[PDB]
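Taking the form deposited in one PDB entry, here's one chain by itself in structure tokens.
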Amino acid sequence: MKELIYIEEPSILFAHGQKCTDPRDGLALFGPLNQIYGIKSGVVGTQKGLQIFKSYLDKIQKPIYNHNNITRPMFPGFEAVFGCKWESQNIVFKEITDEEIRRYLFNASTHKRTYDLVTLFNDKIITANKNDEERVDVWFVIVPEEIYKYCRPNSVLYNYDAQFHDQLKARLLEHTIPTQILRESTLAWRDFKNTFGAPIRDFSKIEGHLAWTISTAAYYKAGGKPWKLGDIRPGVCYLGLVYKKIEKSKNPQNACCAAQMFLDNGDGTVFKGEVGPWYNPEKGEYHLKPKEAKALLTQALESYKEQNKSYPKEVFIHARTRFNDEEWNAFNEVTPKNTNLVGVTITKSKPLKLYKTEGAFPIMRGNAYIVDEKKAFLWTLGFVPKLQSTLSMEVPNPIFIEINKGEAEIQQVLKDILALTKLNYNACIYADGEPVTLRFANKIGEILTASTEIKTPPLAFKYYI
């Protein structure tokens, strides 16, 4: 009879080279490693958005609490946790008059209104950071709810995606401009109420999570790295391969794969893959031709050589579809004879639902289920001893992982992916289901394939999340 093996909780580093296990507690207790002075924030929107912006900005300075300190830790203050100052003054403000919106609302073409509102925000931002002397590091664009409830694709009176922030980031992408979207209902829920009499966007008790998420996003798009991971042997690359296909119908995509990688720190170098006219989606199981495969590998290895000067000893390929012989032989020749390459497939559609006999608790995070050397399981979600609660909904579901080709240890890739599912930046959560090389994959594909005019895209992370 076979049993379940366990993988220990991977540690993350903080200030002064010390290791912890909780991002919130570990980043409040010690702080960021590479410190910056701070950032100037600029807003574009109406005056109601500006006064909402200020109210929230001041609230974020003063400390806020929760109902317990076990699951959601308190917020001691932006300066107390990061070491950077945030104030009410020196905020660049660009306003928008309601007459333009009221006159332009009555067009039948919803996509035309989406496009011209997006270009209005775009060229206001472009002028604002191309005319004014005062520097702005993060642009907090605020949007009202009328454009969110009356200018939807299904409102009742193709390469550019219809959603707002997608094409906003894609259009601001080629001018090196970080920005962050702020829905007006997110930070002004005191008076934003429905007809029934209960705030549907309720934060009467979870203000701390908003503070943590906004502070972490603002500090990551500031320039400073919040945290890194613990153990990296010399010469290992976690090449997370994007498999985000875009949904354009008559424009032939046939492939929209990209790739991300983590080498020594939390920074990632995501290079745009090919437009990929190979193997039209009637055969869309993604068997990559040798030339695009060696192009992707050459960009990955060249960025590794540029940032670390040393040859990669081992290359890990994080994907979500099967690999075959011709693509493997294409991958093998360009990589040197000494190094080794291994590909893994992570999927969610595979079901396995373990239950627990007595009590009222789920299966705890860290256990692994091994069937063969080829295939194994890992419980990325479930109960966690640190938070004294769970992270899934009613039942956790594992991820089916299996090495496609190449010799390696299965528990090694188990702890490697368990370490990789900790580096989230947009959300200040303990952990999430898919690894961050795959969690960022959907968003990076979703913005980088939504703009066909970009040929030399940025290789950073701020201009996307």
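A residue's number is simply how far along the shown sequence it sits, counting from 1. The term rigid core refers to the most C-alpha atoms you can superpose between the two forms while keeping them within 1.5 Å.
The following text describes the form deposited in another entry, which does not appear among the structures shown.
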Which residue moves between the shown form and the other one, judged by a Cα shift of 2 Å or more on the rigid core: 76, 223, 281, 83? 281
Is_shifted residue 390 between the shown form and the other one (CA, 2 Å cut-off, rigid core): no
Would you tell me if residue 208 moves between the shown form and the other one by 2 Å or more at its C-alpha, with the rigid core held superposed? no
Classify residue 106 as shifted (yes) or not shifted (no) between the shown form and the other one, where shifted means its C-alpha moves by 2 Å or more with the rigid core superposed. yes
